[PDB]
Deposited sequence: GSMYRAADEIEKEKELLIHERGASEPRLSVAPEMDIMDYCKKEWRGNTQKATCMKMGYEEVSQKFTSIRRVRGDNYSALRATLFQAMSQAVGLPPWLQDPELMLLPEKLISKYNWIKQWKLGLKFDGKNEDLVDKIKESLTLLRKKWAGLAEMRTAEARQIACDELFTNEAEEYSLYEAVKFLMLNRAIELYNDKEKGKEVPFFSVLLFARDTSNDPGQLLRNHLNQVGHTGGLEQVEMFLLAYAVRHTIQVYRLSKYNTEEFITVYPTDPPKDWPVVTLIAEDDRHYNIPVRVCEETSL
């Protein structure tokens, strides 16, 4: 069982294994698990590495796929590696011919997303999803695709905002960061580190959401007694983006609740 996403188990069993004793923290967390289980009875534990944000998002997005999203169906997406790299030679600083491997990764993302969206049975989609998330080359090639998608989306927004056009506010704040002022700094100092030395900042969860066009609805358990107990990324997305629901004990770790 090479699974990077654990077989689902009852969510009250999980929390009760995880959180014992009556400290304020524990009780806060108990109340958060109670909140989730009102709508979701089971949880899938997501490998706690630096890819957690991406693993939890891609596994949910893909296991609930009933059709292929148009941004992925667009054949022009395959030609995007060449187009960006020819333009912005600086992209060769990518941390894993670079056209070719990035191209294989999108190709893989589409074939697998398309394989899944064609399945009738649940059992079938889940067997096939389980068998893609086994810590093997294919799994981490998918993150390479999602991350590349993220750079692209960040490049487009940077360009829109220099020409004065309408940009979601988060992208302002994404490039106001000392070490992410331009797409180059973003790749060298942030995107490259992702899955190797860190996960996604909250600002980059916006970015992840824009890249895969999925609204990310997160129970942030350590914010239970505040208005951010559920945080949605991005705050106000288009009405048509599918929704992935995640739980998180902190902003570096994310798991999947299961049912509703």
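- Missing from the model, relative to the deposited sequence, are the ranges 1-25, 122-130, 295-300.
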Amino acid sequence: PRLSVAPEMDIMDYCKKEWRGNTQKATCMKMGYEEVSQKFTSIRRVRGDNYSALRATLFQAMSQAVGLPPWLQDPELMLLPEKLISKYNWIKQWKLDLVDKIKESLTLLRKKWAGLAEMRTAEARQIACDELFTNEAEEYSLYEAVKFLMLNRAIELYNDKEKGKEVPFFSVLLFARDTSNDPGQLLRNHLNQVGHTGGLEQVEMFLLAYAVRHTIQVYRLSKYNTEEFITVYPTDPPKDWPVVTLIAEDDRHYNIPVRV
From here on, numbers count along this sequence of modelled residues.
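- A summary of the deposited B-factors shows that, of 115-123 and 177-185, the stretch with the larger mean C-alpha value is 115-123.
- Of the two stretches examined, 144-152 and 72-80, the record assigns the greater average C-alpha temperature factor to 72-80.
- Highest CA B-factor among the listed residues (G199, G48, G32, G67): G67.
- Among the modelled residues of its chain, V258 has a C-alpha B-factor that falls in the middle third according to the deposited record.
- The deposited CA B-factor of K25 belongs to the middle third of values across its chain.
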